[PDB]
Amino acid sequence: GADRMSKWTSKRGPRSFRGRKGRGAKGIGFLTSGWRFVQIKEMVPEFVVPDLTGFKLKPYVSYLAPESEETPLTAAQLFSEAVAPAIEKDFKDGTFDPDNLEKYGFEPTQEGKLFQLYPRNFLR
Amino acid sequence: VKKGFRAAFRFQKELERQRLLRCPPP
Amino acid sequence: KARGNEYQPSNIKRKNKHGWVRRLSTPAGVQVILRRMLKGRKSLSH
Amino acid sequence: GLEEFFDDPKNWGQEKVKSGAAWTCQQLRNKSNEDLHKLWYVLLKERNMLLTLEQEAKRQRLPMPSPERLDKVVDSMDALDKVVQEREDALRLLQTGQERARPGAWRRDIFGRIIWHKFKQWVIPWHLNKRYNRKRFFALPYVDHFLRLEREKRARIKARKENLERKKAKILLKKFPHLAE
Amino acid sequence: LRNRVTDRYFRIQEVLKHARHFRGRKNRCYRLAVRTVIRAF
Amino acid sequence: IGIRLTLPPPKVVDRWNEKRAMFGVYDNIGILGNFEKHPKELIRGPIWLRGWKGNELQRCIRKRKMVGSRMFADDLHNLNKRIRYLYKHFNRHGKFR
Amino acid sequence: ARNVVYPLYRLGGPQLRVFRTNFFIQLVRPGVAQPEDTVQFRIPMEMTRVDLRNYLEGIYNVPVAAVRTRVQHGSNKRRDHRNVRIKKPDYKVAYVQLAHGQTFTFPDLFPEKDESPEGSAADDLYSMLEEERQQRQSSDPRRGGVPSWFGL
Amino acid sequence: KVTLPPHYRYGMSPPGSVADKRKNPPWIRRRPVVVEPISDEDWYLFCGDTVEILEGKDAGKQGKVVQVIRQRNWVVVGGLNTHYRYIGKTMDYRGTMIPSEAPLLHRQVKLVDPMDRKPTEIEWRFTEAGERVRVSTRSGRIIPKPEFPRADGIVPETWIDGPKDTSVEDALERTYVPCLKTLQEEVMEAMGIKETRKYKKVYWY
RNA sequence: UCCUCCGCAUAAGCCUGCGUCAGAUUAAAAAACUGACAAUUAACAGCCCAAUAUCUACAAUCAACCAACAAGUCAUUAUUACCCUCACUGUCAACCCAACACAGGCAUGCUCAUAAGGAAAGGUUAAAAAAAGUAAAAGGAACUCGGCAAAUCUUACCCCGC
RNA sequence: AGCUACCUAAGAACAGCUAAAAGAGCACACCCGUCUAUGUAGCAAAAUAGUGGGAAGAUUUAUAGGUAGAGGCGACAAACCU
RNA sequence: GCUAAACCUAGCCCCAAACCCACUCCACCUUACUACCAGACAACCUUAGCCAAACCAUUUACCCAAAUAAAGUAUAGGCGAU
Ligand SMILES: [K+]
Ligand SMILES: [Mg+2]
Ligand SMILES: [Mg+2]
Ligand SMILES: [Mg+2]
Ligand SMILES: [Mg+2]
Ligand SMILES: [Mg+2]
Ligand SMILES: [Mg+2]
Ligand SMILES: [Mg+2]
Ligand SMILES: [Mg+2]
Ligand SMILES: [Mg+2]
């Protein structure tokens with residue numbers, strides 16, 4: 001009989017099967033009439049590569065570095081270091097409005113942003 | 001491996017008698 | 001004439017007859033897969 | 001250029017290349033996102049270089065010089081991911097309250113099992129999708145007996161493991177009778 | 001309680017002891033020796 | 001062949017471990033205890049076998065009655081077949097009628 | 001890319017951008033004779049030739065003229081001691097042709113001269129090994145297998 | 001990356017070595033060694049400790065623990081409990097005889113008094129500052145934990161940063177300013193990337 | 001020296017299954033065995049079409065002349081919508097279905113005669129019996145259930161079924 | 001129902017010679033299996049060699065699909081349905 | 001003297017007690033494990049038979065929610081087997 005245990009891939013089957021299955025690469029366009037492929041520029045991922053001229057961080061870190069305790073970031077620690085300072089200030093100044101939270105960085109809705117946190121709409 | 005002791009002991013005695021006939025002591 | 005060669009392979013036929021979608025297509029075929037998953041088969045279908 | 005896929009020409013042929021330590025997660029939490037975006041690429045070029053050397057070692061049937069260098073960069077790039085994911089995770093919790101980036105749901109499948117279904121992206125609503133509406137996210141009653149046979153199989157597995165642990169613990173207090181106390 | 005015979009070796013030799021001077025396979029193979037030893041007795 | 005060539009590991013028995021030293025204690029719990037408890041109440045084992053005895057057909061019937069609702073499906077099916085099998089054997093076959 | 005959901009694209013929508021790519025490639029020495037300007041890579045299966053073009057010119061500033069790829073099947077023929085098959089994984093190979101008349105020859109990463117260290121080593125174990133064998137010689141034929149130790 | 005069968009037998013050679021692959025192939029199924037459960041806390045013998053061999057030909061002698069094999073409750077005492085084996089031996093070459101140590105069980109060696117230099121029993125106790133140490137159960141003198149070469153092999157005293165090592169000043173620098181922005185948004189702003197096109201809503205199911 | 005079925009390609013199938021190196025030793029006798037390392041790159045092939053209405057009597061056969069029946073494979077227009085451009089997969093082999101390195105099974109193109117593809121004899125002797133052939137005095141169906149088989153290349157008929 | 005029986009959709013093959021209306025003849029490829037011998041744990045769980053029947057047709061054949069056991073399918077042989 | 005022989009663990013069995021099992025990044029109902037298009041398809045419905053009755057044709061025990069006992073009693077049944 002046929003091999004049931006081996007991975008099913010596009011190397012197997014007849015001409016119609018082998019061209020229909022892929023290997024996991026994402027598509028970057030569509031076919032039109034005549035089997036003409038149209039590449040969509042925006043579907044091709046653009047690598048955002050930074051300028052590395054005069055960058056001082058290197059692949060490894062020297063062994064002469066003090067050990068530190070691991071403290072994973074949490075929503076609270078992020079809150080108490082990026083939002084609290086301004087709220088706390090304005091609370092003492094009586095300018096804290098408990099309705100206008102956008103002032104301090106709150107986004108009531110993710111719709112309209114280029115990078116929406118949920119559902120995530122951006123690549124790593 | 002079978003349970004028990006008696007046959008093993010008894011077989012040991014027979015292997016010991018054979019060694020003597022094979023190599024009689026002075 | 002000489003027998004023994006009744007298997008005339010075709011991937012289309014094998015997939016259409018015994019593949020995952022064919023099995024799930026009927027309640028009897030779903031219970032085929034459930035039986036094979038219980039037994040712990042590595043191949044649940046073709 | 002293409003010379004960045006290889007080590008410094010002076011290190012070619014050396015049995016060892018001394019290397020520092022991997023970026024720890026805590027050392028990276030001190031750094032900005034822009035510095036971790038740059039550091040990622042410094043690590044990417046080293047990984048690609050180390051991956052090149054590892055394969056050329058296999059081609060030449062020689063040991064790769066200082067293999068731990070590759071293990072460090074991986075550990076160092078894993079850390080950086082974690083640090084960057086912690087921030088967006090923490091930022092996602094504050095702004096939305098959502099614990100996961102990708103939407104999903106708990107579903108019954110056609111086999112009676114409870115599974116976490118990850119949603120996919122679509123251009124049409126679900127009630128108009130032909131392929132989606134062919135999937136069954138419910139089970140029918142003929143599945144029930146199979147769920148019981150699967151549960152009873154799992155219980156048989158768990159009963160044997162527990163009974164074997166108690167047997168082997170009893171054999172320990174025989175071999176080491178000073179261990180009862 | 002699973003009981004198995006453990007001294008079958010000695011049961012066999014009791015016949016084979018009288019067959020050692022016979023000829024052929026009936027001087028060592030119990031199935032054959034047991035019949036010729038009975039006839040000899 | 002078939003006979004071991006060394007002596008098995010010697011078997012040491014503590015004739016005075018606590019289980020042996022106290023064996024039988026309270027077997028007269030009824031006649032010495034104003035019959036507040038019956039000695040059968042000391043028996044530990046399956047709920048369907050405490051203070052009761054029977055042949056294998058009776059045991060299978062008794063186990064099915066008492067714990068059958070709690071049995072795994074494969075085991076309950078085997079028990080149903082075993083009862084049926086013993087039913088035919090004991091009622092229809094044998095030397096004596 | 002790999003192992004990540006791609007944001008779905010609609011017309012009139014932003015560009016897809018990847019800031020931290022998990023694509024890792026290795027420059028490999030070709031097994032057959034190639035043109036001077038051809039460079040061979042082993043790349044992830046999910047990496048297309050458009051990705052590899054933008055990857056080489058983006059991260060390495062390598063001007064690329066052409067990219068071609070093929071999927072190499074890995075042998076599933078080996079059997080382990082349980083007579084179950086061992087899969088050598090499939091991989092993607094990419095053939096990259098350089099742009100502005102540039103050429104490439106795969107470097108020699110294991111030079112012999114360099115693999116011979118002029119610096120001496122003083123490991124007692126290694127030295128003892130070589131020293132003791134040299135002191136020991138073959139048995140003298142004319143001694144007919146008589147122990148040589150006894151000075152008598 | 002770890003492939004150790006369920007009843008893998010630990011030995012002198014480390015798991016994965018050439019000698020260990022030869023002794024424990026993938027199909028080997030030997031009877032398990034029964035090892036006394038000693039909790040990681042109650043383990044008092046470390047690499048570098050000085051112990052007195054209590055059983056063997058070298059009983060009564062003392063030496064330094066050169067290797068600890070926890071899975072067997074073993075310690076290799078350098079130069080002691082030794083036998084003799086040949087090395088480098090080929091067909092023609094007889095070989096070089098060397099002393100080779102056999103392991104001892106944690107019960108066959110006792111730790112030695114820090115000053116009395118005599119076998120003593122230890123009980124893990126805390127200090128005034130709440131530090132778990134090895135306090136002699138016979139004298140009270142605390143036996144300290146030695147400093148064996150870091151397993152990695154890096155002596156930080158002789159460490160000199162290489163061309164691909166980050167400086168301590170740079171590695172310990174803090175450039176992170178907490179903000180309510182993802183690495184995506186910040187890098188877009190840092191590199192001056194402008195996107196006017198708004199992302200249209202998607203159906204998720 | 002001899003053979004030539006063949007052979008080369010595509011399809012389907014199969015899935016690394018005679019490339020290199022290092023091992024063992026290569027094969028119903030003496031590598032296609034083990035482990036490593038390589039490898040098949042698209043133009044061929046696969047993967048295709050915005051909507052709504054509407055259009056579409058007149059075979060093919062060298063399509064001409066003739067002549068048919070079993071009456072046939074190939075077609076649009078209208079108006080809207082439509083700037084975007086070379087992705088993805090197959091690509092190896094001495095191969096597949098027959099428990100086998102099986103005298104069997106196996107679609108199409110092209111060559112067939114070959115430019116392509118192969119070796120009937122391990123060595124000897126040269127008895128019986130056996131198999132496959134060639135030749136055969138005189139005779140020529142006397143054989144045999146029957147001219148079966150061979151040889152040759154015939155005549156006439158009977159039954160049955162058109 | 002990857003064999004086989006029958007069917008559906010859409011394909012493919014059929015040299016030469018004679019005759020020319022063609023389920024005509026001769027004859028390849030191809031399909032079949034009359035007779036003989038061989039073989040009978042074979043080369044083969046039905047083969048090989050020769051000799052044969054048909055070979056523009058109620059032909060042969062590749063592909064996908066259909067009919068399922070109280071059943072199918074059948075130019076009835078109680079055929080064929082791994 | 002070969003081929004061999006020998007082994008004690010791996011685990012398993014029956015109970016008791018206790019009501020188990022999820023995503024782990026990505027993929028997966030289409031040819032499963034396949035990033036990404038206009039649908040509507042939807043589940044429920046007495047088991048039978050072997051066997052026993054020395055054939056067989058009515059009939060022939062099958063946990064159904066407390067061990068014991070009432071009791072193999074009342075009763076049912078080709079008033080037979082049960
Ligand atoms: K009958
Ligand atoms: Mg077969
Ligand atoms: Mg005659
Ligand atoms: Mg005659
Ligand atoms: Mg004839
Ligand atoms: Mg008639
Ligand atoms: Mg004809
Ligand atoms: Mg017919
Ligand atoms: Mg008839
Ligand atoms: Mg008839």
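Values below: all heavy atoms of this structure, side chains included; hydrogens, waters and symmetry mates excluded. Reminder, nothing fancy here: chain letters follow the sequence lines and each chain counts from 1.
Residue side chain G:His73 fails the stacking definition with respect to I:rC92, as its ring centre and the base's six-membered ring centre are not both under 5.5 angstrom apart and under 30 degrees in plane angle.
With hydrogens and angles ignored, a donor-acceptor pair closer than 3.5 Å exists between the side chain of C:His18 and the base of J:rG2. For I:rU41, its base sits under 3.5 Å from the side chain of G:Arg68 at one donor and acceptor pair at least. For a distance-only test at 3.5 Å, the side chain of A:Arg23 fails to qualify as a donor-acceptor partner of the base of I:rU89. Judged by distance alone with a 3.5 Å cut-off, no donor-acceptor contact links the side chain of C:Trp20 to the base of K:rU30. Residue A:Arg36 places no side-chain atom within donor-acceptor reach of the base of I:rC47, judged by atom type and a 3.5 Å distance cut-off alone. Contact of A:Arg20 with K:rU31 (side chain to base): a donor-acceptor pair of N or O atoms is detected under 3.5 Å. No hydrogens or angles were tested; on distance alone, nothing pairs the side chain of F:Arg4 with the base of K:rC7 as donor and acceptor under 3.5 Å. No hydrogens or angles were tested; on distance alone, nothing pairs the side chain of F:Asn80 with the base of K:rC63 as donor and acceptor under 3.5 Å. At a cut-off of 3.5 angstrom, counting only N and O atoms as typed in the model, there is no donor on one side facing an acceptor on the other between the side-chain of F:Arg64 and the base of K:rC63. Within 3.5 Å, a donor on the side chain of F:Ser69 pairs with an acceptor on the base of K:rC63, or the reverse. With hydrogens and angles left out, the side chain of D:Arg160 and the base of K:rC12 share no donor-acceptor pair within 3.5 Å. Between the side chain of D:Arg154 and the base of K:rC20, a donor-acceptor pair under 3.5 Å is found.
Taking atom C1' in both I:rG118 and J:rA68, one finds a spacing of 50 Å when rounded to whole Å. Across the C1' atoms, J:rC17 and J:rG42 are found 43 Å apart, a figure rounded to whole Å. I:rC5 and I:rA119 are spaced 14 Å apart, taking the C1' atom of each and rounding to whole Å. Using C1' as the reference atom, K:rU82 and K:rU60 are 6 Å apart when rounded to the nearest Å. Nucleotides J:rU61 and I:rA120 place their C1' atoms 35 Å apart, quoted to the nearest Å. Rounded to the nearest Å, the gap between the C1' atom of I:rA27 and that of I:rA136 is 48 Å. Taking the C1' atom of each, I:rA12 and J:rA62 are spaced 9 Å apart, rounded to whole Å. Spacing between J:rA37 and J:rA41 at atom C1', rounded to whole Å, works out to 22 Å.
The six-membered or imidazole ring of G:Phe23 lies away from that of G:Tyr55, with a centre-to-centre distance of 6.0 Å or more. D:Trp122 has its ring centre less than 6.0 Å from the ring centre of H:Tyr205.
In terms of the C1'-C2'-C3'-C4' torsion, I:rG7 has a north-puckered sugar. The angle is above zero.
Heavy atoms of D:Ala155 sit nowhere under 4.0 angstrom from any nucleic acid atom. Contact annotation for G:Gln34: base contact, defined as any heavy-atom pair under 4.0 Å involving a base atom.
Entry note: I:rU20 and I:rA36 meet the pairing test, Watson-Crick or G-U wobble at under 3.5 angstrom for both distances. Between I:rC44 and I:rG90 there is a Watson-Crick or G-U wobble pairing whose two distances both come in under 3.5 Å. Between K:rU47 and K:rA10, neither a Watson-Crick nor a G-U wobble pair is formed under the 3.5 Å criterion for both distances. If you check J:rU38 against J:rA47, you find a Watson-Crick or G-U wobble pair, both contacts below 3.5 Å.
Aromatic ring orientation, D:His117 versus D:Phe137: tilted (interplanar angle from 30° to 60°).
Judged by a 6.0 Å distance limit and a 45° cone about the ring axis, D:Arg102 is not positioned over the six-membered ring of H:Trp204. The cationic group of F:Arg62 lies under 6.0 Å from the six-membered ring centre of F:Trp52 and within 45° of the ring axis, placing it in a cation-pi geometry.
Contact between the side-chain N/O atoms of G:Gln40 and the OP1/OP2 oxygens of I:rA38 is not found at any separation under 4.0 Å.
If you measure from atom CZ of A:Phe17 to atom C1' of I:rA12, you get 13 Å, rounded to the nearest angstrom.
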